[PDB]
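A short worksheet on the structure shown next.
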Amino acid sequence: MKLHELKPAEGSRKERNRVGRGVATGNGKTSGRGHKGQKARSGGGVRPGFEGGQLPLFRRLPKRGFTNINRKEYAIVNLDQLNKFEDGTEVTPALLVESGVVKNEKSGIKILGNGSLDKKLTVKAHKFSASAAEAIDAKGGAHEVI
Amino acid sequence: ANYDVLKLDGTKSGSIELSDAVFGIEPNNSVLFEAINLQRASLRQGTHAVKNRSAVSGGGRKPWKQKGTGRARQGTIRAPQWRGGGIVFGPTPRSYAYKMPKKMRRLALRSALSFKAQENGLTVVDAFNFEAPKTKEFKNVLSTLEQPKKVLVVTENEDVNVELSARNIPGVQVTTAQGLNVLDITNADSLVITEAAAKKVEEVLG
Amino acid sequence: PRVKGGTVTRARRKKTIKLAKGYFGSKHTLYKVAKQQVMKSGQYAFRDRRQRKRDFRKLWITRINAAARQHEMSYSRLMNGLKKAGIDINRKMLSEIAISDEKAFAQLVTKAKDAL
Amino acid sequence: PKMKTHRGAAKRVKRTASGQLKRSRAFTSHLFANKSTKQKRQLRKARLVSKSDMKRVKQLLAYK
RNA sequence: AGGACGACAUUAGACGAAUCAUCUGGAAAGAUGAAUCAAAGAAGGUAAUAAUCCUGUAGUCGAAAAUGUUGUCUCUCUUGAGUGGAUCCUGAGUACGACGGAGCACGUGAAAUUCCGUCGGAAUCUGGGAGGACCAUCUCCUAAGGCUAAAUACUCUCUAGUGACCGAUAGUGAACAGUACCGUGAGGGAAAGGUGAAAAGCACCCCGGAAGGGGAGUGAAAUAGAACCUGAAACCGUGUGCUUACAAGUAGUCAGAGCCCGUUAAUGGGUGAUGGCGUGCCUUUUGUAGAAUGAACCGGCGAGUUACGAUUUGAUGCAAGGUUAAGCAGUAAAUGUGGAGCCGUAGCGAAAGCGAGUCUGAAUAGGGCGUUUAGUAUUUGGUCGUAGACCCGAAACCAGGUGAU
RNA sequence: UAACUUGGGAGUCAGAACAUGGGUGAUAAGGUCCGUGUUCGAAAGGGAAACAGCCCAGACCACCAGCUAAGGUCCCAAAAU
RNA sequence: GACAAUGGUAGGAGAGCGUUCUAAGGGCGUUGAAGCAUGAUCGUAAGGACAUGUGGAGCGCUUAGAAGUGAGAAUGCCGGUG
Ligand SMILES: [Mg+2]
C-alpha cells in the first residue's frame with residue numbers, strides 16, 4: 001500500500017453510537033432510557049443480583065463443602081500424545097517438557113489411556129492409570145514409577 | 001530471486017540471491033494496515049487536560065437562597081453552565097500505544113519489503129565508501145543510479161559518514177538493517193541497500 | 001482538540017429565515033417563530049396538493065350541470081346516458097368543450113339522449 | 001480495577017464442563033418431621049441454576 | 001584533619017557556507033529564467049510565502065574569578081591464624097501471665113503472632129524462642145543495646161526542550177489582578193487584547209463658544225482617524241415599486257385577475273382584488289388550542305466521557321497449541337530480548353481420590369454431570385462493574401475558625 | 001406462512017371510551033372491579049355542525065385522470081325540486 | 001424483467017451529511033485566502049457549488065486516523081437591545 005491509499009480490512013472497523021444528539025438519530029431526547037424512574041437517573045442502576053427486596057437467590061440456597069489446601073493436581077498426558085515418539089525411546093518428564101507435550105508440570109506427570117499407542121516405548125512418570133499401564137505393556141516396553 | 005549488484009556508478013557487478021521467504025511473499029494488506037496504524041499511534045504524547053468542577057478556583061458558597069427570589073436555583077458559580085467555568089468531560093492525559101503479537105510484526109515487515117521488490121523499487125549496491133562527509137558527493141551518487149525523490153538508504157551497521165552525508169537532502173532517510181520499520185519503508189519510493197545489509201536482513205527476518 | 005461552534009449555526013438558521021420571506025412582522029425576522037411558520041406551511045402544502053384534485057373536479061361538475069340544464073337535462077342523467085353510449089371523455093374536457101364549442105356539446109347531448 | 005467475586009455465591013455453586021452452575025437444595029437442614037420419606041430422599045439430589053437466574057447473576061461469578 | 005598537583009562541568013561569550021535578473025505590485029521572499037552551499041533544507045524576523053538578506057543552525061573554539069564534582073600523591077590508622085568446649089561471660093522488674101483495649105487482610109475467634117494501661121512475675125547451654133489452642137518428637141533460630149549507602153516518593157523552584165494541548169465567554173481568578181468593588185471581621189472576588197509596513201497621528205481654509213463637521217493633505221487603503229483589523233443578528237431610521245379606511249383574524253397554504261420588473265434563462269421575479277381549507281412550539285399525560293409547565297428578543301457558552309476489569313459480536317495471525325509481564329537496549333518510536341506467569345489439550349467428587357469416565361449405591365442396577373476435539377493473542381462495535389460516571393438543584397450533618405462597633 | 005431453540009440490546013408495570021357477559025352501587029354516575037372484542041394510546045384521510053375512544057378507511061412521492069365506502073342529492077355546499 | 005412491500009411513540013437494526021486537528025499525495029492564493037452580504041443554482045435529506053460586492057493573508061480536494069464534533073426550550077449563565 002501507499003501511505004495515501006490506506007484501507008482497513010472489510011468489516012473490521014465501525015463507527016460508535018452518539019446519543020442525545022437530535023431526534024432523527026433515534027436516540028435523541030431521552031437517549032435510550034425511556035421515561036422517569038430509578039433507571040433513568042444519572043448513576044441510577046440497582047446492584048447486580050438485587051431483586052427489589054425479595055430474598056436474593058444466593059441467600060436462600062445453603063453453603064456446601066470446604067476446600068483442601070493441600071490438594072494435588074497432575075499434568076495429564078493421554079496415550080495418543082505418545083505416538084509422536086520413535087520406538088525404543090526413553091520417555092522421561094524432562095523429555096515431555098522440551099518436546100512441548102507438557103507445558104506446566106504441576107505435581108508431576110500422570111499417564112492416562114484415551115487413544116491408542118501403536119508404539120513400543122519405555123515410559124517413566126509419577127502416576128499411571130490401570131488402563132495406561134496395561135496398554136503400554138501390550139506392545140512391549142515397560143513403565144517405571146519414579 | 002536474482003538481483004544485480006551495481007557499483008556507485010551504474011555499472012554492474014555480480015548478482016545475488018535474496019530469499020523468497022522475505023522478498024517475494026504475497027503481501028498481506030490487513031496486517032500492513034494494522035502495523036502502520038500501531039506505529040503512528042505510539043508517537044503521540046497525550047498531554048492535554050481541562051479543569052472540572054472541583055479544580056476551578058473558588059465557588060464554595062451557594063449564590064442565593066433556594067426559594068423565594070424568583071431566580072433559577074443555583075449551587076455554585078462554577079457549575080458547567082456558568083460562564084465562569086467547569087468542564088464536564090474533556091481530554092485527560094493518557095497514552096495511545098498498544099501491541100500486536102510478534103508473528104504479526106514480522107509478517108508486516110516481510111510484506112512491506114516484498115512490495116518494494118515487485119514494483120522494481122529495490123536497488124542493491126556492493127559498498128558505500130565515504131572517507132569524509134560531503135553532501136554534494138552523495139547527491140551525485142543518488143543521481144547516477146537514477147533514483148526517485150524519496151529514498152531510504154540501508155546500511156549493515158551504523159555508518160557515520162554515509163549517514164552524515166545524506167542528512168540534509170530533502171526526501172532521503174538513512175537507517176540500519178535492524179532499525180527497519182514499516183513506516184519508513186512504505187513512505188519511501190525506492191530502497192538502496194548494500195550487499196552486507198541485505199544478507200543481514202535476510203537472516204533476522206527469515 | 002477543541003471544536004468551537006463557528007459559522008454552521010448561522011448558516012443553518014439563515015436558510016430558514018430566507019424561506020420565510022414575505023411573512024408578517026417578526027415572522028420573517030426572528031428564527032424561532034420563522035421556523036415554526038415554515039414547518040406549518042410545509043404541512044399545509046402537503047395537505048393542499050391533495051385537496052386541489054377535489055376542488056377542480058367539483059368545479060367541472062358545476063359547469064357541466066349548468067350546461068346541461070340548457071338542454072333540459074340534469075348532470076346525473078347526462079352522465080348516465082354518456083356512459084350507456086360508451087363515450088369516455090373527461091369531466092375536464094366535457095366542460096372545456098361546453099365553454100368553447102356549443103355545437104359539439106349539443107351533438108354530445110343528442111347521443112346521450114338517444115342512449116336512454 | 002479488577003472486578004470482585006461475590007464470596008457468598010462462590011461458597012454455594014460450582015461450574016460444570018459446559019457453562020452451567022451446579023447448586024444445592026433449600027428446605028434441608030431442619031424440621032424433618034413434617035416431611036415424608038420420599039421428600040427427604042429427593043431433596044438430596046443436586047440441581048442447576050435456572051437460565052432466568054443466570055441472566056441476573058452472571059457477572060457475580062465471572063472468575064469462577 | 002588537611003595539604004599538593006591535576007581533569008571535567010556550570011555560571012558571560014567567539015567564529016560560522018552559499019543569488020542574481022525580469023513580471024505583477026505600495027512593497028517580493030511569489031511567478032518566470034539561469035545559478036550556488038549543505039556535517040548547515042531547525043526556527044524566528046524582514047513592506048506577501050526566503051537553505052543562499054538579518055538573527056541563527058551543523059560544526060569548532062573560549063574563563064580573570066567563584067562554586068560543584070572527580071583522580072593521583074600526601075596524610076591518618078591497624079597483625080592475623082589453629083586446637084581445647086563447656087572452668088568463667090553472653091543485655092531483669094525483662095520474657096511471660098491475668099484483666100481492660102488497639103494494631104495485624106482477620107469483627108477475641110481454633111487466634112497463634114505484635115503493642116499500650118493496671119497488677120503479678122522466670123530460667124541460665126542438660127538454657128531460652130518459633131513452626132496458628134495444647135502435649136510429645138523433629139526442624140529452624142539465639143530476644144530484652146546501637147549505627148548503616150543504593151534501588152523508592154514529591155515539585156513552590158532552576159536549566160534545556162516537547163505536544164493529532166487552549167487561542168481572549170477559551171487557556172490560570174488574572175495575556176491589560178488577589179487589583180475595582182463587597183463585608184465589622186474571617187472571607188468573597190470581577191470586567192477589560194488587535195491603527196498602519198512605517199506616526200508619515202490630518203500643515204492650512206471654512207461654519208461653530210466649544211464639541212463635532214466639510215474641504216485640502218499623508219497613506220496602497222481614512223466607510224484604516226485612535227470609541228481605530230474583519231464588522232453578523234436583535235433593535236432604530238430615511239427613500240421608494242405593489243397594496244390597504246364595510247372589515248371578525250395561529251396570520252399561512254392552495255386557486256387567481258390587475259399592476260411593476262427582467263434572472264445561475266427556466267413550462268422567470270416582486271406585490272396581491274377576491275374564493276377554499278386551517279385552534280403556535282416544547283414538556284408531561286388516559287386525554288392539552290388549552291384557562292397545566294417553560295421561553296421578552298438576538299448572539300455566544302451549555303449534558304453517556306475516560307482509565308482499569310468482565311462478557312458478547314466483527315476482523316486478523318498462528319493452531320494442539322496460543323501468548324508474554326516487569327526489566328534491559330533503542331529517538332519519550334517501530335522493534336529486539338525477556339517463558340516467572342496465564343488460558344487450552346479431561347472430567348467427576350464436599351474431600352481423600354479415581355480417570356474417558358466419575359459420583360451415589362450392597363449392586364457389572366438405575367440416575368446426575370461428562371467423552372465421542374478447537375483454542376488462543378491483539379483490536380473495532382454493543383452492554384455491565386468499580387470510580388461523582390449523562391447534566392443542573394435541596395432542607396441538612398461534621399471539622400476548624402470569625403464576630404457583643 | 002409461519003413456529004420453535006440458542007445468544008446480543010431493550011422499553012413497559014398511571015391506561016381511556018364504545019359494544020357485550022357479570023359483581024359492587026340505587027337494574028345512579030363521563031363511578032368502580034373482573035371476562036370477551038374493537039378503536040385511541042402510537043393513526044393522518046371522509047362522515048357524525050364543532051367533537052382522542054362512534055361509522056367508513058390504514059398516507060412511499062408527482063398529476064387541473066377514472067370507480068367506489070360510510071354518508072348524502074332545495075340554497076349555504078358536490079350530486080334527483 | 002415479473003411480483004410484492006414501504007403510518008408510527010418507548011425502543012432495536014442499517015446507511016450517511018457536516019465541524020476542528022493529524023499523516024501521505026496532489027493543488028489554489030496580493031491577477032486577491034478565510035470570514036461576511038445578496039442571487040431566479042444543484043442533490044432523495046443532513047447539505048454542496050458558481051457569480052457579484054466587501055475583505056486583506058491564508059485555505060481547500062482525495063484516502064485514512066483522532067475527537068472539548070452539531071442546541072430552541074434547563075424560572076439555564078454572560079453580553080447586547082427592545
Ligand atoms: Mg425602525
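Atom set for the values below is all heavy atoms of this structure, side chains included, hydrogens, waters and symmetry mates excluded. So you know, we letter chains A, B, ... as the sequences are listed, proteins then strands, and number each from 1.
Separating the CD atom in A:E51 from the CG atom in D:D53 is a distance of 7.0 Å, to the nearest 0.5 Å.
The neighbour count for D:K40 NZ, taken as heavy atoms of other residues, nucleotides or ligands under 6.0 Å away, is above 12. Counting heavy atoms of neighbouring residues, nucleotides and ligands inside a 6.0 Å radius, atom CD of A:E86 does not exceed 12 of them. Around NZ of D:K4, the count of heavy atoms belonging to other residues, nucleotides or ligands within 6.0 Å does not exceed 12. The environment of CZ in D:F32 is crowded: more than 12 heavy-atom neighbours from other residues, nucleotides or ligands sit within 6.0 Å.
With a 4.5 angstrom heavy-atom cutoff, A:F66 does not touch chain D via any of its atoms.
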If you look only at distance, which donor and acceptor atoms sit under 3.5 Å apart when one is on a side chain in residues 53-62 of chain A and the other is two or more places apart or in another chain?
unit_1	atom_1	unit_2	atom_2	d
A:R60	NH1	A:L55	O	2.6

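Applying the salt bridge (charged side-chain N to carboxylate O under 4.0 Å, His left out) test to D:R7 and every residue at least two apart in sequence or in another chain returns nothing.
Contacts between residues 42-50 of chain D and chain A, defined by a heavy-atom separation under 4.5 Å, are made by D:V49.
Within the structure, the side chain to side chain donor-acceptor pair (under 3.5 Å) test picks out no pair touching residues 10-23 of chain D (sequence neighbours left out).
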